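Engineer: Sending over a structure as structure tokens; questions will come in a sec.
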Amino acid sequence: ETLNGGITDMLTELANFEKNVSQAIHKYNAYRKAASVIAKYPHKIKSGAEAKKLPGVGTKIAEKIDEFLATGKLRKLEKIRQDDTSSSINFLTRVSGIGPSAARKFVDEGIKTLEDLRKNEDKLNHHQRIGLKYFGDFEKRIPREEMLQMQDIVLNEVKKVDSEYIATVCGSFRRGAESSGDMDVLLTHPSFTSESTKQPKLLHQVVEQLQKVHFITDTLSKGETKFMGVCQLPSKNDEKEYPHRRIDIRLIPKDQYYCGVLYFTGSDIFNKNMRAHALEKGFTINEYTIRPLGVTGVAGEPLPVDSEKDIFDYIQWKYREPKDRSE
DNA sequence: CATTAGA
DNA sequence: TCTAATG
Ligand code: NA
Ligand code: NA
């Protein structure tokens with residue numbers, strides 16, 4: 001957690017670079033299992049050889065660990081950190097819609113900068129267009145203050161469209177959080193579940209409602225169950241307009257709402273931990289259901305959930321407010 | 001780990 | 001269809 005800090009830090013810098021800059025899946029997959037285990041290690045790594053005794057650590061990484069142990073730096077790391085090209089890839093990538101794949105391509109074409117991007121908006125598809133368009137706003141965190149405003153809006157229209165709809169703002173926002181990266185709305189309706197063959201309109205209707213009143217201002221992607229777009233708070237009695245914020249709404253079969261809601265609320269850790277608990281308690285939990293575990297090894301049979309409570313009860317735990325779903 | 005776009 | 005990109 002800190003005893004192995006720079007080493008795992010370096011290890012991860014390395015990993016990242018294989019993946020994005022080069023296309024070295026393996027190498028990259030390498031650096032990471034390494035960084036995974038040396039991080040688990042209970043003692044201060046004093047040398048290569050020592051590290052070396054670990055699973056995943058090879059001659060390769062070892063060598064690296066020595067140089068870094070020996071001197072506060074690594075050359076390769078020093079070179080990459082300099083390198084224009086690899087620098088560029090790191091940057092473009094920050095643009096929603098721009099992955100490494102495209103990052104690479106643009107670069108080799110000569111688009112390195114943000115400006116570069118503009119002069120060639122034409123080489124970009126929609127997503128990247130918006131991504132570029134709202135680059136600055138997309139990077140800004142979302143105040144809880146704002147979040148409450150946003151939330152207030154969505155729940156409102158959603159209702160007006162159908163009073164039978166159930167929506168939930170999941171994420172850190174849900175768990176207290178003073179800020180947030182983007183709004184996630186979990187949605188379901190009673191006429192939509194595991195069997196009942198869809199009703200795409202169900203998503204569509206609300207997306208529409210939202211655009212109608214000007215909340216959603218762009219669409220990154222609209223499918224029949226997942227909409228990914230852009231929103232914005234009505235810039236009041238002017239002098240101050242709001243940022244463009246990413247937003248995603250997802251339709252869920254009423255019959256899996258809670259797991260889904262559980263899950264999305266996180267935290268990444270509470271999950272696992274909650275996840276690990278249900279196992280002993282003779283169960284299984286994933287994004288959608290909860291299945292009693294059978295002896296033969298595994299087993300199935302989706303248990304009936306009407307609230308986040310049902311889940312807890314099931315596994316006989318303490319209903320934990322979201323606020324405290326921190327770990 | 002799954003869904004949407006794209007070409 | 002495969003492949004990319006967010007989540
Ligand atoms: Na080893
Ligand atoms: Na990006």
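Please note that chains go A, B, ... in the order of the structure tokens, that every chain numbers its residues from 1, and that ligands are numbered from 1 in the order shown.
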Would you give me, as a tab-separated table, each residue of chain A having an atom within 6 Å of an atom of ligand 1, along with its shortest atom pair and that distance in Å to one decimal, using only C-alpha atoms and all ligand atoms and sorting by chain and residue number?

Structural biologist:
```
residue	atom	partner	partner_atom_place_in_ligand_line	distance
A:52	CA	ligand 1	1 (Na)	5.4
A:53	CA	ligand 1	1 (Na)	4.5
A:54	CA	ligand 1	1 (Na)	4.2
A:55	CA	ligand 1	1 (Na)	4.1
A:56	CA	ligand 1	1 (Na)	5.7
A:57	CA	ligand 1	1 (Na)	5.2
```

Engineer: Using only C-alpha atoms (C1' of nucleotides) and all ligand atoms, which residues have at least one atom no more than 6 Å from ligand 2? Output them as a list in words.

Structural biologist: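 So, counting only C-alpha atoms (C1' of nucleotides) and all ligand atoms, the residues near ligand 2 are residues 93, 94, 95, 96, 97, 98 and 99 of chain A.
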
Engineer: In Å to one decimal, how far is atom CA of residue 326 of chain A from atom CA of residue 38 of chain A?

Structural biologist: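 Computed distance, atom CA of residue 38 of chain A to atom CA of residue 326 of chain A, equals 25.6 Å.
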
Engineer: Pick out the residues sitting within 9 Å of segment 172-189 of chain A, and hand them over as a PyMOL selection string; count only C-alpha atoms (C1' of nucleotides), and ignore anything fewer than 5 positions along from it in its own chain.

Structural biologist: chain A and resi 138-145+147-148+150-151+154+164-167+202-203+245-257+260-261+264-267+321-326

Engineer: Counting only C-alpha atoms (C1' of nucleotides), which residues of chain B come no farther than 8 Å from chain A, as an MDAnalysis selection string?

Structural biologist: chainID B and resid 3:5

Engineer: Restricting the output to C-alpha atoms (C1' of nucleotides), write the selected residues as a CSV table (one decimal), in the first residue's frame.

Structural biologist:
```
chain,number,residue,atom,x,y,z
B,3,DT,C1',-23.8,-2.2,-25.7
B,4,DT,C1',-23.6,1.0,-29.7
B,5,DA,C1',-21.4,2.9,-33.6
```

Engineer: Write out as a list in words which residues come within 12 Å of residue 76 of chain A when counting only C-alpha atoms (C1' of nucleotides), dropping same-chain ones fewer than 4 positions away.

Structural biologist: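 The filter keeps residues 10, 11, 13, 14, 17, 18, 63, 64, 67, 68, 80, 81, 82 and 83 of chain A.
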
Engineer: Keeping only C-alpha atoms, take the residues you just selected and write them out as a compact mmCIF listing (two decimals), in the first residue's frame.

Structural biologist:
```
# COMPACT_ATOMS: atom_id res chain seq x y z
CA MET A 10 6.66 2.73 -12.03
CA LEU A 11 5.27 -0.69 -13.00
CA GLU A 13 3.53 3.74 -15.83
CA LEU A 14 5.27 1.04 -17.84
CA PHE A 17 2.66 2.81 -22.01
CA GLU A 18 2.65 -0.66 -23.69
CA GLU A 63 16.14 -5.42 -13.89
CA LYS A 64 13.89 -2.53 -13.86
CA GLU A 67 17.68 0.51 -11.55
CA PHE A 68 14.85 2.22 -9.88
CA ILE A 80 8.80 7.92 -22.72
CA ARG A 81 7.91 10.74 -20.33
CA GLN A 82 9.82 13.01 -22.85
CA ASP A 83 8.80 11.56 -26.22
```

Engineer: Could you list, as a ChimeraX atom specification, the residues of chain C having an atom within 9 Å of chain A when counting only C-alpha atoms (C1' of nucleotides)?

Structural biologist: /C:4-7

Engineer: Write out as a PyMOL selection string the set of residues from segment 3-169 of chain A that DSSP, computed on the backbone, places in strand (DSSP E).

Structural biologist: chain A and resi 142-143+166-169

Engineer: Would you list the contacts of residue 1 of chain C as an MDAnalysis selection string, taking every protein, DNA or RNA residue within 12 Å and counting only C-alpha atoms (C1' of nucleotides), but skipping same-chain residues closer than 2 positions in sequence?

Structural biologist: (chainID B and resid 6:7) or (chainID C and resid 3)

Engineer: Could you write out, as number ranges by chain, all the residues of segment 59-302 of chain A that DSSP marks as helix (DSSP H, G or I)?

Structural biologist: A: 59-70, 75-82, 84-92, 100-109, 114-118, 121-123, 126-133, 135-139, 144-161, 201-212, 254-265, 268-280

Engineer: Work out how far atom CA of residue 104 of chain A is from atom CA of residue 128 of chain A, in Å to one decimal.

Structural biologist: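 If I compute the distance from atom CA of residue 128 of chain A to atom CA of residue 104 of chain A, I get 14.5 Å.
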
Engineer: For a test of reading the model, state the distance in Å between atom CA of residue 33 of chain A and atom CA of residue 62 of chain A, rounded to one decimal.

Structural biologist: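 Pair atom CA of residue 33 of chain A / atom CA of residue 62 of chain A returns 13.5 Å.
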
Engineer: Would you kindly return, as a PyMOL selection string, each protein, DNA or RNA residue with an atom no farther than 9 Å from any atom of segment 39-48 of chain A, considering only C-alpha atoms (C1' of nucleotides) and excluding same-chain residues fewer than 2 positions away?

Structural biologist: chain A and resi 1-5+7-8+34-37+50-53+59+61-67+69-70

Engineer: Print the selection's residues with N, CA and C atoms to a file, as a short mmCIF file (atom, residue, chain, number, x, y, z; two decimals), in the first residue's frame.

Structural biologist:
```
data_model
loop_
_atom_site.label_atom_id
_atom_site.label_comp_id
_atom_site.auth_asym_id
_atom_site.auth_seq_id
_atom_site.Cartn_x
_atom_site.Cartn_y
_atom_site.Cartn_z
N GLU A 1 0.80 -1.21 0.00
CA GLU A 1 0.00 0.00 0.00
C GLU A 1 0.84 1.28 0.00
N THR A 2 2.12 1.19 0.41
CA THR A 2 3.05 2.33 0.44
C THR A 2 4.47 1.81 0.60
N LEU A 3 4.53 0.57 1.04
CA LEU A 3 5.83 0.01 1.20
C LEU A 3 6.29 -0.34 -0.17
N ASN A 4 5.34 -0.61 -1.02
CA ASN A 4 5.79 -0.95 -2.33
C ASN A 4 5.52 0.05 -3.47
N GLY A 5 5.09 1.25 -3.02
CA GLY A 5 4.70 2.46 -3.77
C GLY A 5 5.35 2.83 -5.11
N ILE A 7 7.57 1.33 -6.69
CA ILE A 7 7.68 0.22 -7.56
C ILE A 7 6.41 -0.02 -8.21
N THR A 8 5.34 -0.06 -7.48
CA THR A 8 4.16 -0.30 -8.26
C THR A 8 3.86 0.94 -9.10
N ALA A 34 2.37 -8.02 -12.40
CA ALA A 34 3.51 -7.73 -11.56
C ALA A 34 3.08 -6.73 -10.55
N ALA A 35 2.76 -5.53 -11.01
CA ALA A 35 2.34 -4.49 -10.13
C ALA A 35 1.22 -4.96 -9.21
N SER A 36 0.55 -6.01 -9.60
CA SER A 36 -0.50 -6.44 -8.73
C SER A 36 0.02 -7.14 -7.51
N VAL A 37 0.91 -8.10 -7.72
CA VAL A 37 1.51 -8.90 -6.68
C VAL A 37 2.52 -8.22 -5.80
N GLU A 50 14.98 -10.26 -5.07
CA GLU A 50 13.99 -10.47 -4.08
C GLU A 50 12.65 -10.48 -4.67
N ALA A 51 12.44 -9.45 -5.53
CA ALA A 51 11.17 -9.24 -6.24
C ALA A 51 10.88 -10.46 -7.03
N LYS A 52 11.97 -10.75 -7.75
CA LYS A 52 12.12 -11.84 -8.65
C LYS A 52 11.48 -13.13 -8.15
N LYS A 53 11.56 -13.36 -6.87
CA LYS A 53 10.98 -14.57 -6.33
C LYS A 53 9.51 -14.59 -6.47
N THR A 59 12.92 -11.72 -15.24
CA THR A 59 14.19 -11.13 -15.38
C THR A 59 14.06 -9.71 -15.81
N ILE A 61 11.35 -7.25 -15.60
CA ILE A 61 10.91 -6.33 -14.60
C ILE A 61 11.90 -6.14 -13.44
N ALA A 62 12.57 -7.22 -13.10
CA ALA A 62 13.51 -7.21 -12.03
C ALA A 62 14.52 -6.15 -12.27
N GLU A 63 15.13 -6.30 -13.42
CA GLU A 63 16.14 -5.42 -13.89
C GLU A 63 15.77 -3.99 -13.67
N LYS A 64 14.51 -3.80 -13.97
CA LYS A 64 13.89 -2.53 -13.86
C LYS A 64 13.82 -2.07 -12.41
N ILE A 65 13.35 -2.99 -11.58
CA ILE A 65 13.26 -2.68 -10.19
C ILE A 65 14.65 -2.31 -9.62
N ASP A 66 15.69 -3.03 -10.04
CA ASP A 66 16.98 -2.67 -9.52
C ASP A 66 17.32 -1.21 -9.85
N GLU A 67 17.36 -0.85 -11.14
CA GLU A 67 17.68 0.51 -11.55
C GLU A 67 16.89 1.56 -10.82
N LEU A 69 15.60 1.03 -7.91
CA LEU A 69 15.97 1.00 -6.50
C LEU A 69 17.27 1.72 -6.36
N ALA A 70 18.20 1.29 -7.19
CA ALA A 70 19.49 1.86 -7.19
C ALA A 70 19.38 3.37 -7.40
#
```
